[PDB]
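S.K.: Below is the file structure18.txt, which contains compact mmCIF, N, CA and C atoms and all ligand atoms.
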# COMPACT_ATOMS: atom_id res chain seq x y z
N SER A 42 25.10 -2.70 0.55
CA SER A 42 23.77 -2.12 0.43
C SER A 42 22.79 -2.94 1.26
N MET A 43 21.86 -2.26 1.93
CA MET A 43 20.97 -2.92 2.88
C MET A 43 19.58 -2.31 2.81
N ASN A 44 18.62 -3.14 2.95
CA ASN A 44 17.25 -2.71 3.13
C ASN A 44 16.96 -2.52 4.62
N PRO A 45 16.01 -1.65 4.95
CA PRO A 45 15.58 -1.50 6.35
C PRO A 45 14.72 -2.68 6.76
N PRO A 46 14.48 -2.87 8.05
CA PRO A 46 13.46 -3.82 8.45
C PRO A 46 12.13 -3.39 7.87
N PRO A 47 11.24 -4.34 7.58
CA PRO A 47 9.94 -3.99 6.98
C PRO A 47 9.06 -3.26 7.99
N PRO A 48 8.00 -2.60 7.53
CA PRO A 48 7.05 -2.01 8.48
C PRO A 48 6.47 -3.09 9.37
N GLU A 49 6.06 -2.68 10.56
CA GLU A 49 5.53 -3.60 11.56
C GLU A 49 4.25 -4.26 11.06
N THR A 50 4.14 -5.58 11.23
CA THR A 50 2.91 -6.30 10.92
C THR A 50 2.36 -7.10 12.09
N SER A 51 3.09 -7.16 13.19
CA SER A 51 2.71 -7.91 14.38
C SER A 51 3.07 -7.06 15.59
N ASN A 52 2.10 -6.87 16.49
CA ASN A 52 2.38 -6.18 17.74
C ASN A 52 1.30 -6.57 18.74
N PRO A 53 1.59 -7.49 19.65
CA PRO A 53 0.55 -7.94 20.59
C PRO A 53 0.04 -6.85 21.53
N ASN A 54 0.76 -5.74 21.71
CA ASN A 54 0.28 -4.66 22.56
C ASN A 54 -0.72 -3.74 21.85
N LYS A 55 -0.79 -3.79 20.53
CA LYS A 55 -1.67 -2.89 19.79
C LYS A 55 -3.09 -3.44 19.80
N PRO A 56 -4.09 -2.67 20.27
CA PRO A 56 -5.47 -3.17 20.24
C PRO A 56 -5.94 -3.35 18.80
N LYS A 57 -6.75 -4.38 18.59
CA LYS A 57 -7.19 -4.76 17.27
C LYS A 57 -8.71 -4.80 17.24
N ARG A 58 -9.27 -4.57 16.06
CA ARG A 58 -10.71 -4.62 15.90
C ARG A 58 -11.00 -5.06 14.48
N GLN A 59 -11.83 -6.09 14.34
CA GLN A 59 -12.31 -6.50 13.02
C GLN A 59 -13.59 -5.73 12.72
N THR A 60 -13.60 -4.99 11.62
CA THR A 60 -14.77 -4.21 11.23
C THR A 60 -15.21 -4.61 9.83
N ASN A 61 -16.49 -4.36 9.52
CA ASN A 61 -16.96 -4.66 8.17
C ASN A 61 -16.21 -3.83 7.12
N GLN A 62 -15.77 -2.62 7.48
CA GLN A 62 -14.97 -1.82 6.55
C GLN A 62 -13.61 -2.44 6.30
N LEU A 63 -12.95 -2.92 7.36
CA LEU A 63 -11.67 -3.60 7.16
C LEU A 63 -11.85 -4.89 6.37
N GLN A 64 -12.97 -5.60 6.60
CA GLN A 64 -13.23 -6.81 5.83
C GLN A 64 -13.38 -6.49 4.34
N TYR A 65 -14.03 -5.37 4.03
CA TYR A 65 -14.15 -4.92 2.64
C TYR A 65 -12.79 -4.57 2.06
N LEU A 66 -11.94 -3.89 2.84
CA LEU A 66 -10.61 -3.53 2.34
C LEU A 66 -9.79 -4.77 1.99
N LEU A 67 -10.00 -5.88 2.70
CA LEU A 67 -9.27 -7.10 2.37
C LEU A 67 -9.93 -7.85 1.23
N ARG A 68 -11.23 -8.14 1.34
CA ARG A 68 -11.82 -9.05 0.36
C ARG A 68 -12.10 -8.36 -0.97
N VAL A 69 -12.28 -7.04 -0.97
CA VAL A 69 -12.55 -6.31 -2.20
C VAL A 69 -11.33 -5.52 -2.66
N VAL A 70 -10.88 -4.56 -1.85
CA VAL A 70 -9.91 -3.58 -2.33
C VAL A 70 -8.56 -4.23 -2.57
N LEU A 71 -7.99 -4.81 -1.52
CA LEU A 71 -6.66 -5.40 -1.64
C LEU A 71 -6.64 -6.54 -2.65
N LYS A 72 -7.65 -7.43 -2.61
CA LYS A 72 -7.60 -8.58 -3.51
C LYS A 72 -7.75 -8.17 -4.97
N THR A 73 -8.51 -7.11 -5.25
CA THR A 73 -8.64 -6.64 -6.62
C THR A 73 -7.34 -6.01 -7.11
N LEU A 74 -6.76 -5.11 -6.31
CA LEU A 74 -5.50 -4.48 -6.69
C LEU A 74 -4.38 -5.50 -6.84
N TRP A 75 -4.39 -6.55 -6.02
CA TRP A 75 -3.31 -7.53 -6.03
C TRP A 75 -3.21 -8.25 -7.37
N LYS A 76 -4.35 -8.47 -8.02
CA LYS A 76 -4.43 -9.17 -9.29
C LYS A 76 -4.22 -8.26 -10.49
N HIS A 77 -4.10 -6.96 -10.28
CA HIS A 77 -3.95 -6.02 -11.39
C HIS A 77 -2.61 -6.23 -12.10
N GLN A 78 -2.62 -6.00 -13.42
CA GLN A 78 -1.42 -6.25 -14.21
C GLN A 78 -0.24 -5.40 -13.76
N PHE A 79 -0.50 -4.28 -13.09
CA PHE A 79 0.53 -3.37 -12.62
C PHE A 79 0.84 -3.55 -11.14
N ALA A 80 0.34 -4.62 -10.51
CA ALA A 80 0.52 -4.79 -9.07
C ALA A 80 1.95 -5.15 -8.69
N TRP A 81 2.68 -5.81 -9.59
CA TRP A 81 3.93 -6.47 -9.19
C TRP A 81 4.96 -5.57 -8.50
N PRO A 82 5.20 -4.31 -8.91
CA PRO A 82 6.20 -3.51 -8.19
C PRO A 82 5.79 -3.18 -6.77
N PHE A 83 4.52 -3.39 -6.44
CA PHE A 83 3.97 -2.98 -5.15
C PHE A 83 3.58 -4.14 -4.26
N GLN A 84 3.90 -5.38 -4.63
CA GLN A 84 3.48 -6.55 -3.87
C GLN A 84 4.42 -6.91 -2.73
N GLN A 85 5.49 -6.15 -2.53
CA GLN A 85 6.45 -6.43 -1.48
C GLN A 85 7.19 -5.14 -1.19
N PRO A 86 7.85 -5.04 -0.04
CA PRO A 86 8.68 -3.86 0.23
C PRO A 86 9.68 -3.63 -0.89
N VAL A 87 9.94 -2.35 -1.18
CA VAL A 87 10.94 -2.00 -2.18
C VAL A 87 12.27 -2.63 -1.80
N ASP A 88 12.82 -3.42 -2.72
CA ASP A 88 14.10 -4.08 -2.48
C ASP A 88 15.14 -3.21 -3.17
N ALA A 89 15.64 -2.22 -2.42
CA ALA A 89 16.56 -1.25 -3.00
C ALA A 89 17.89 -1.88 -3.35
N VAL A 90 18.24 -3.00 -2.72
CA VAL A 90 19.45 -3.73 -3.11
C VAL A 90 19.27 -4.36 -4.48
N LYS A 91 18.22 -5.19 -4.62
CA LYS A 91 18.01 -5.91 -5.87
C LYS A 91 17.74 -4.96 -7.03
N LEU A 92 17.01 -3.88 -6.78
CA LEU A 92 16.62 -2.94 -7.82
C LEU A 92 17.66 -1.85 -8.06
N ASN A 93 18.80 -1.89 -7.37
CA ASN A 93 19.85 -0.88 -7.52
C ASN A 93 19.29 0.53 -7.35
N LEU A 94 18.63 0.74 -6.21
CA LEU A 94 18.10 2.05 -5.81
C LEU A 94 18.73 2.44 -4.48
N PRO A 95 20.04 2.69 -4.45
CA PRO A 95 20.71 2.87 -3.15
C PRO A 95 20.28 4.11 -2.39
N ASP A 96 19.64 5.08 -3.04
CA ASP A 96 19.14 6.27 -2.36
C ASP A 96 17.68 6.15 -1.93
N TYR A 97 17.02 5.02 -2.21
CA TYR A 97 15.56 4.96 -2.01
C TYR A 97 15.19 5.27 -0.57
N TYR A 98 15.83 4.60 0.37
CA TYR A 98 15.50 4.77 1.78
C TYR A 98 16.14 6.02 2.39
N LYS A 99 16.95 6.75 1.62
CA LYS A 99 17.35 8.09 2.01
C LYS A 99 16.25 9.11 1.74
N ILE A 100 15.41 8.85 0.74
CA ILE A 100 14.35 9.75 0.34
C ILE A 100 13.00 9.35 0.92
N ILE A 101 12.75 8.04 1.02
CA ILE A 101 11.46 7.51 1.46
C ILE A 101 11.64 7.01 2.89
N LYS A 102 11.06 7.73 3.84
CA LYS A 102 11.18 7.42 5.26
C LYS A 102 9.94 6.78 5.86
N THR A 103 8.85 6.66 5.11
CA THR A 103 7.69 5.86 5.53
C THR A 103 7.35 4.88 4.43
N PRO A 104 8.19 3.86 4.23
CA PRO A 104 7.90 2.88 3.18
C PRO A 104 6.61 2.12 3.47
N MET A 105 5.91 1.77 2.40
CA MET A 105 4.71 0.96 2.52
C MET A 105 4.47 0.27 1.19
N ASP A 106 3.86 -0.91 1.24
CA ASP A 106 3.62 -1.73 0.07
C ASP A 106 2.41 -2.62 0.32
N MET A 107 1.86 -3.19 -0.76
CA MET A 107 0.68 -4.04 -0.63
C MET A 107 0.97 -5.38 0.03
N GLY A 108 2.20 -5.86 0.00
CA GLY A 108 2.51 -7.07 0.74
C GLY A 108 2.36 -6.84 2.23
N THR A 109 2.84 -5.69 2.72
CA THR A 109 2.68 -5.32 4.12
C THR A 109 1.21 -5.10 4.46
N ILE A 110 0.47 -4.42 3.57
CA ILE A 110 -0.95 -4.19 3.83
C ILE A 110 -1.71 -5.51 3.87
N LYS A 111 -1.39 -6.43 2.95
CA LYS A 111 -2.02 -7.75 2.95
C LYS A 111 -1.77 -8.47 4.27
N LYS A 112 -0.52 -8.45 4.76
CA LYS A 112 -0.22 -9.04 6.06
C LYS A 112 -1.00 -8.35 7.17
N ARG A 113 -1.06 -7.02 7.15
CA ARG A 113 -1.77 -6.29 8.20
C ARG A 113 -3.26 -6.59 8.18
N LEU A 114 -3.83 -6.80 7.00
CA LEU A 114 -5.26 -7.11 6.93
C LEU A 114 -5.54 -8.56 7.30
N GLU A 115 -4.69 -9.48 6.82
CA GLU A 115 -4.93 -10.90 7.07
C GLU A 115 -4.59 -11.28 8.51
N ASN A 116 -3.70 -10.53 9.15
CA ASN A 116 -3.28 -10.79 10.53
C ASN A 116 -3.93 -9.84 11.53
N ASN A 117 -4.99 -9.15 11.13
CA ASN A 117 -5.76 -8.23 11.98
C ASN A 117 -4.85 -7.31 12.79
N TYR A 118 -4.14 -6.44 12.07
CA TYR A 118 -3.26 -5.46 12.69
C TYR A 118 -3.95 -4.15 13.02
N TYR A 119 -5.05 -3.86 12.35
CA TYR A 119 -5.62 -2.52 12.39
C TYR A 119 -6.70 -2.42 13.46
N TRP A 120 -6.96 -1.17 13.87
CA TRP A 120 -8.15 -0.81 14.63
C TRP A 120 -9.26 -0.25 13.75
N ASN A 121 -8.92 0.52 12.71
CA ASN A 121 -9.94 1.11 11.86
C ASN A 121 -9.50 1.10 10.40
N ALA A 122 -10.47 1.35 9.52
CA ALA A 122 -10.21 1.36 8.09
C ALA A 122 -9.34 2.53 7.67
N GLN A 123 -9.42 3.66 8.38
CA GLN A 123 -8.60 4.82 8.03
C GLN A 123 -7.11 4.50 8.09
N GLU A 124 -6.70 3.68 9.06
CA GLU A 124 -5.30 3.29 9.15
C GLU A 124 -4.85 2.57 7.89
N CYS A 125 -5.70 1.70 7.37
CA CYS A 125 -5.36 0.94 6.17
C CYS A 125 -5.38 1.83 4.93
N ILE A 126 -6.38 2.71 4.84
CA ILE A 126 -6.44 3.65 3.72
C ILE A 126 -5.20 4.54 3.69
N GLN A 127 -4.74 5.00 4.86
CA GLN A 127 -3.51 5.77 4.92
C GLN A 127 -2.33 4.97 4.41
N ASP A 128 -2.28 3.67 4.72
CA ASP A 128 -1.18 2.85 4.21
C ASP A 128 -1.16 2.85 2.68
N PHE A 129 -2.32 2.64 2.05
CA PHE A 129 -2.37 2.68 0.59
C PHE A 129 -1.92 4.05 0.08
N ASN A 130 -2.45 5.13 0.68
CA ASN A 130 -2.11 6.47 0.21
C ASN A 130 -0.61 6.75 0.36
N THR A 131 0.00 6.28 1.45
CA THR A 131 1.44 6.38 1.62
C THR A 131 2.20 5.65 0.52
N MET A 132 1.75 4.44 0.18
CA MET A 132 2.41 3.68 -0.88
C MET A 132 2.40 4.46 -2.19
N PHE A 133 1.24 5.01 -2.55
CA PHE A 133 1.15 5.76 -3.80
C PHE A 133 2.01 7.02 -3.75
N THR A 134 1.93 7.77 -2.65
CA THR A 134 2.69 9.01 -2.55
C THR A 134 4.19 8.75 -2.59
N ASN A 135 4.66 7.69 -1.93
CA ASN A 135 6.09 7.36 -2.03
C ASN A 135 6.53 7.22 -3.48
N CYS A 136 5.73 6.54 -4.29
CA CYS A 136 6.10 6.32 -5.68
C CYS A 136 6.13 7.63 -6.45
N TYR A 137 5.17 8.52 -6.18
CA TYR A 137 5.13 9.80 -6.88
C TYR A 137 6.28 10.71 -6.46
N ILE A 138 6.73 10.62 -5.20
CA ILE A 138 7.81 11.49 -4.72
C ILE A 138 9.17 10.98 -5.18
N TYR A 139 9.37 9.65 -5.13
CA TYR A 139 10.68 9.10 -5.47
C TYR A 139 10.95 9.18 -6.97
N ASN A 140 9.95 8.91 -7.79
CA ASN A 140 10.10 8.86 -9.24
C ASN A 140 9.70 10.21 -9.85
N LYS A 141 9.75 10.30 -11.18
CA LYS A 141 9.40 11.52 -11.90
C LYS A 141 8.13 11.31 -12.71
N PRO A 142 7.32 12.35 -12.91
CA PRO A 142 6.24 12.25 -13.90
C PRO A 142 6.80 11.82 -15.25
N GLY A 143 6.03 11.00 -15.97
CA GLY A 143 6.52 10.38 -17.18
C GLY A 143 7.11 8.99 -16.99
N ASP A 144 7.54 8.64 -15.78
CA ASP A 144 8.10 7.32 -15.54
C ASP A 144 7.01 6.26 -15.61
N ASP A 145 7.37 5.08 -16.13
CA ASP A 145 6.41 3.99 -16.24
C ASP A 145 5.85 3.62 -14.87
N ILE A 146 6.71 3.61 -13.85
CA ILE A 146 6.24 3.22 -12.52
C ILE A 146 5.19 4.19 -12.01
N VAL A 147 5.28 5.47 -12.39
CA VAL A 147 4.28 6.44 -11.97
C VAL A 147 2.96 6.21 -12.69
N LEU A 148 3.01 5.87 -13.99
CA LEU A 148 1.77 5.50 -14.68
C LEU A 148 1.13 4.27 -14.07
N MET A 149 1.95 3.33 -13.59
CA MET A 149 1.40 2.15 -12.94
C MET A 149 0.75 2.50 -11.62
N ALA A 150 1.41 3.32 -10.80
CA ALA A 150 0.82 3.74 -9.54
C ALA A 150 -0.47 4.51 -9.77
N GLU A 151 -0.49 5.36 -10.80
CA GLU A 151 -1.68 6.16 -11.09
C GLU A 151 -2.86 5.26 -11.47
N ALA A 152 -2.60 4.20 -12.24
CA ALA A 152 -3.66 3.27 -12.60
C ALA A 152 -4.20 2.54 -11.37
N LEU A 153 -3.31 2.04 -10.50
CA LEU A 153 -3.77 1.40 -9.28
C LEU A 153 -4.52 2.38 -8.38
N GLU A 154 -4.04 3.63 -8.29
CA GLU A 154 -4.68 4.60 -7.42
C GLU A 154 -6.09 4.94 -7.90
N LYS A 155 -6.28 5.02 -9.22
CA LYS A 155 -7.61 5.28 -9.76
C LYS A 155 -8.58 4.17 -9.36
N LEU A 156 -8.13 2.91 -9.45
CA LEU A 156 -8.94 1.79 -9.00
C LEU A 156 -9.21 1.88 -7.51
N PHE A 157 -8.16 2.13 -6.73
CA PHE A 157 -8.31 2.21 -5.28
C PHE A 157 -9.33 3.27 -4.88
N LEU A 158 -9.25 4.46 -5.48
CA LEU A 158 -10.16 5.55 -5.13
C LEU A 158 -11.59 5.20 -5.47
N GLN A 159 -11.81 4.57 -6.63
CA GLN A 159 -13.16 4.15 -6.99
C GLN A 159 -13.72 3.18 -5.96
N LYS A 160 -12.90 2.25 -5.47
CA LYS A 160 -13.36 1.27 -4.49
C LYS A 160 -13.55 1.90 -3.11
N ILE A 161 -12.70 2.87 -2.76
CA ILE A 161 -12.85 3.52 -1.46
C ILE A 161 -14.11 4.36 -1.41
N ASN A 162 -14.51 4.94 -2.54
CA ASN A 162 -15.75 5.71 -2.58
C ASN A 162 -16.97 4.85 -2.27
N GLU A 163 -16.85 3.53 -2.39
CA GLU A 163 -17.90 2.58 -2.05
C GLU A 163 -17.62 1.80 -0.77
N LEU A 164 -16.78 2.34 0.11
CA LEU A 164 -16.57 1.74 1.42
C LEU A 164 -17.91 1.63 2.14
N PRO A 165 -18.30 0.44 2.61
CA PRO A 165 -19.62 0.31 3.24
C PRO A 165 -19.70 1.15 4.50
N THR A 166 -20.93 1.50 4.87
CA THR A 166 -21.14 2.16 6.15
C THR A 166 -20.79 1.20 7.27
N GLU A 167 -20.35 1.75 8.40
CA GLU A 167 -20.02 0.93 9.56
C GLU A 167 -21.24 0.18 10.06
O1 LIG B 1 2.41 12.84 -8.64
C1 LIG B 1 1.28 12.46 -8.41
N1 LIG B 1 0.71 12.66 -7.10
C2 LIG B 1 1.30 13.26 -5.89
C3 LIG B 1 2.51 14.01 -5.86
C4 LIG B 1 3.02 14.56 -4.66
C5 LIG B 1 2.35 14.39 -3.43
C6 LIG B 1 2.86 14.99 -2.11
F1 LIG B 1 3.35 14.12 -1.21
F2 LIG B 1 3.85 15.89 -2.26
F3 LIG B 1 1.93 15.67 -1.44
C7 LIG B 1 1.15 13.67 -3.44
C8 LIG B 1 0.65 13.13 -4.64
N2 LIG B 1 0.52 11.80 -9.44
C9 LIG B 1 0.90 11.57 -10.82
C10 LIG B 1 1.83 12.42 -11.49
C11 LIG B 1 2.18 12.21 -12.83
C12 LIG B 1 1.62 11.18 -13.59
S1 LIG B 1 2.05 10.96 -15.28
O2 LIG B 1 3.38 11.42 -15.54
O3 LIG B 1 1.97 9.57 -15.60
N3 LIG B 1 0.85 11.87 -16.14
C13 LIG B 1 0.74 13.37 -16.26
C14 LIG B 1 -0.59 13.92 -15.69
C15 LIG B 1 -1.43 12.68 -15.45
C16 LIG B 1 -0.63 11.48 -16.09
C17 LIG B 1 -1.21 11.09 -17.47
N4 LIG B 1 -2.07 9.89 -17.27
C18 LIG B 1 -1.95 9.01 -18.46
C19 LIG B 1 -3.04 7.92 -18.52
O4 LIG B 1 -4.34 8.43 -18.32
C20 LIG B 1 -4.52 9.18 -17.14
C21 LIG B 1 -3.47 10.31 -16.99
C22 LIG B 1 0.68 10.37 -12.94
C23 LIG B 1 0.32 10.55 -11.60
Rewrite the structure from the file as structure tokens, please.

M.R.:
Amino acid sequence: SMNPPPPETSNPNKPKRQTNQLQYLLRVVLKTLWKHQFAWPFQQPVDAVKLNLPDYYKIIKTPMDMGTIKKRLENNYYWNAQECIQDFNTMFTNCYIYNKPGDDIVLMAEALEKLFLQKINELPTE
């Protein structure tokens, strides 16, 4: 059993831009979600070997997690805030598609997503 390589977090050819919106996504959004009691399943790429989920990467073809987002924000990977917001939305959607309603992991993702959406609604103006 094998995990895929993680999503890209370093690419010297990709143009980068530090924006006040991206700064908010790191210092407010990511740091708040990271400390949440339900953050732990989402703090690193899904380890389908360790978690005995051998079909995970057969079903989920755009994996994303907050460990990768944290690296992308701290290492200035992005050009705009929308790219980072899409990463969070992908992470949540993966969990909803792979698991079933009623699963504890889905209740955890739903709690984090409610927090995320509240914070995104207060994304500062550029
Ligand atoms: O599936 C999704 N989204 C989603 C799916 C597919 C796609 C796709 F990619 F296809 F487009 C995109 C997004 N979300 C979600 C589903 C069930 C629960 S639930 O089972 O936990 N449950 C039942 C109803 C609400 C909840 C009860 N909550 C208890 C605590 O108080 C608040 C409500 C939680 C979240």

S.K.: Tell me, as a list in words, which residues lie within 6 Å of range 142-149 of chain A, counting only C-alpha atoms; anything in the same chain fewer than 2 positions away does not count.

M.R.: residues 79, 151 and 152 of chain A

S.K.: Which residue, A:86, A:121, A:71, A:100, has the smallest gap to residue 138 in chain A when you use only N, CA and C atoms?

M.R.: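 Selected residue with least distance to residue 138 in chain A: A:100.
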
S.K.: Mind working out the centre and edge lengths of an axis-aligned box for range 85-90 of chain A, all listed atoms inside, 3 Å added to each side, rounded to one decimal in Å and written as AutoDock Vina command-line options?

M.R.:
--center_x 12.5 --center_y -3.8 --center_z -2.1 --size_x 20.0 --size_y 11.2 --size_z 10.7

S.K.: Tell me which protein, DNA and RNA residues are within 12 Å of residue 53 in chain A, counting only C-alpha atoms, leaving out same-chain ones fewer than 2 positions away, and put them as a list in words.

M.R.: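 Once the nearby chain positions are removed, what remains is residues 49, 50, 51, 55, 56, 57, 116, 117, 118 and 119 of chain A.
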
S.K.: Could you work out how far CA of residue 120 in chain A lies from CA of residue 46 in chain A, giving the answer in Å with one decimal?

M.R.: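 Interatomic distance here is 22.7 Å.
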
S.K.: Could you work out how far atom C of residue 96 in chain A lies from atom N3 of ligand LIG 1 (chain B), giving the answer in Å with one decimal?

M.R.: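 About the pair atom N3 of ligand LIG 1 (chain B) and atom C of residue 96 in chain A: they are 22.8 Å apart.
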
S.K.: Which one of A:150, A:84, A:91, A:129 sits closest to residue 109 in chain A if you count all atoms listed in the file?

M.R.: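 Among A:150, A:84, A:91, A:129, it is A:84 that comes nearest to residue 109 in chain A.
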
S.K.: Can you tell me how far CA of residue 42 in chain A sits from atom N of residue 90 in chain A, in Å to one decimal?

M.R.: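 So the answer is 6.4 Å.
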
S.K.: Skipping near chain neighbours, those fewer than 4 positions away, what residues fall within 8 Å of residue 106 in chain A using all atoms listed in the file, listed as a PyMOL selection string?

M.R.: chain A and resi 48+82-87+110-112+128-129+131-133

S.K.: Missing atoms in range 52-71 of chain A should be modelled up to N, CA, C and O atoms and reported as an mmCIF file, in the coordinates of the input.

M.R.:
data_model
loop_
_atom_site.group_PDB
_atom_site.id
_atom_site.type_symbol
_atom_site.label_atom_id
_atom_site.label_comp_id
_atom_site.auth_asym_id
_atom_site.auth_seq_id
_atom_site.Cartn_x
_atom_site.Cartn_y
_atom_site.Cartn_z
ATOM 1 N N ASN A 52 2.100 -6.870 16.490
ATOM 2 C CA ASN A 52 2.380 -6.180 17.740
ATOM 3 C C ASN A 52 1.300 -6.570 18.740
ATOM 4 O O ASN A 52 0.190 -6.031 18.699
ATOM 5 N N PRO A 53 1.590 -7.490 19.650
ATOM 6 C CA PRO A 53 0.550 -7.940 20.590
ATOM 7 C C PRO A 53 0.040 -6.850 21.530
ATOM 8 O O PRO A 53 -1.052 -7.016 22.093
ATOM 9 N N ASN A 54 0.760 -5.740 21.710
ATOM 10 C CA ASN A 54 0.280 -4.660 22.560
ATOM 11 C C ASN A 54 -0.720 -3.740 21.850
ATOM 12 O O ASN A 54 -1.436 -2.987 22.515
ATOM 13 N N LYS A 55 -0.790 -3.790 20.530
ATOM 14 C CA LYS A 55 -1.670 -2.890 19.790
ATOM 15 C C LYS A 55 -3.090 -3.440 19.800
ATOM 16 O O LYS A 55 -3.302 -4.578 19.372
ATOM 17 N N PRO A 56 -4.090 -2.670 20.270
ATOM 18 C CA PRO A 56 -5.470 -3.170 20.240
ATOM 19 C C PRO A 56 -5.940 -3.350 18.800
ATOM 20 O O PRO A 56 -5.615 -2.558 17.911
ATOM 21 N N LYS A 57 -6.750 -4.380 18.590
ATOM 22 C CA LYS A 57 -7.190 -4.760 17.270
ATOM 23 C C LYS A 57 -8.710 -4.800 17.240
ATOM 24 O O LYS A 57 -9.366 -5.053 18.258
ATOM 25 N N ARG A 58 -9.270 -4.570 16.060
ATOM 26 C CA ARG A 58 -10.710 -4.620 15.900
ATOM 27 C C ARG A 58 -11.000 -5.060 14.480
ATOM 28 O O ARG A 58 -10.472 -4.481 13.530
ATOM 29 N N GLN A 59 -11.830 -6.090 14.340
ATOM 30 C CA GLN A 59 -12.310 -6.500 13.020
ATOM 31 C C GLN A 59 -13.590 -5.730 12.720
ATOM 32 O O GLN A 59 -14.552 -5.798 13.497
ATOM 33 N N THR A 60 -13.600 -4.990 11.620
ATOM 34 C CA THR A 60 -14.770 -4.210 11.230
ATOM 35 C C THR A 60 -15.210 -4.610 9.830
ATOM 36 O O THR A 60 -14.436 -5.158 9.034
ATOM 37 N N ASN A 61 -16.490 -4.360 9.520
ATOM 38 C CA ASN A 61 -16.960 -4.660 8.170
ATOM 39 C C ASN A 61 -16.210 -3.830 7.120
ATOM 40 O O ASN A 61 -16.016 -4.292 5.995
ATOM 41 N N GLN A 62 -15.770 -2.620 7.480
ATOM 42 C CA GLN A 62 -14.970 -1.820 6.550
ATOM 43 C C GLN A 62 -13.610 -2.440 6.300
ATOM 44 O O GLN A 62 -13.140 -2.489 5.157
ATOM 45 N N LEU A 63 -12.950 -2.920 7.360
ATOM 46 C CA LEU A 63 -11.670 -3.600 7.160
ATOM 47 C C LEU A 63 -11.850 -4.890 6.370
ATOM 48 O O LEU A 63 -10.999 -5.245 5.547
ATOM 49 N N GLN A 64 -12.970 -5.600 6.600
ATOM 50 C CA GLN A 64 -13.230 -6.810 5.830
ATOM 51 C C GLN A 64 -13.380 -6.490 4.340
ATOM 52 O O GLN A 64 -12.896 -7.240 3.488
ATOM 53 N N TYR A 65 -14.030 -5.370 4.030
ATOM 54 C CA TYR A 65 -14.150 -4.920 2.640
ATOM 55 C C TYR A 65 -12.790 -4.570 2.060
ATOM 56 O O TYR A 65 -12.496 -4.908 0.904
ATOM 57 N N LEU A 66 -11.940 -3.890 2.840
ATOM 58 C CA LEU A 66 -10.610 -3.530 2.340
ATOM 59 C C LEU A 66 -9.790 -4.770 1.990
ATOM 60 O O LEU A 66 -8.971 -4.717 1.066
ATOM 61 N N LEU A 67 -10.000 -5.880 2.700
ATOM 62 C CA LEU A 67 -9.270 -7.100 2.370
ATOM 63 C C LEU A 67 -9.930 -7.850 1.230
ATOM 64 O O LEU A 67 -9.273 -8.203 0.246
ATOM 65 N N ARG A 68 -11.230 -8.140 1.340
ATOM 66 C CA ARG A 68 -11.820 -9.050 0.360
ATOM 67 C C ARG A 68 -12.100 -8.360 -0.970
ATOM 68 O O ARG A 68 -12.125 -9.029 -2.003
ATOM 69 N N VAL A 69 -12.280 -7.040 -0.970
ATOM 70 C CA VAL A 69 -12.550 -6.310 -2.200
ATOM 71 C C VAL A 69 -11.330 -5.520 -2.660
ATOM 72 O O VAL A 69 -10.790 -5.781 -3.744
ATOM 73 N N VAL A 70 -10.880 -4.560 -1.850
ATOM 74 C CA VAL A 70 -9.910 -3.580 -2.330
ATOM 75 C C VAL A 70 -8.560 -4.230 -2.570
ATOM 76 O O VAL A 70 -8.023 -4.210 -3.684
ATOM 77 N N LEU A 71 -7.990 -4.810 -1.520
ATOM 78 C CA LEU A 71 -6.660 -5.400 -1.640
ATOM 79 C C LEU A 71 -6.640 -6.540 -2.650
ATOM 80 O O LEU A 71 -5.749 -6.605 -3.506
#
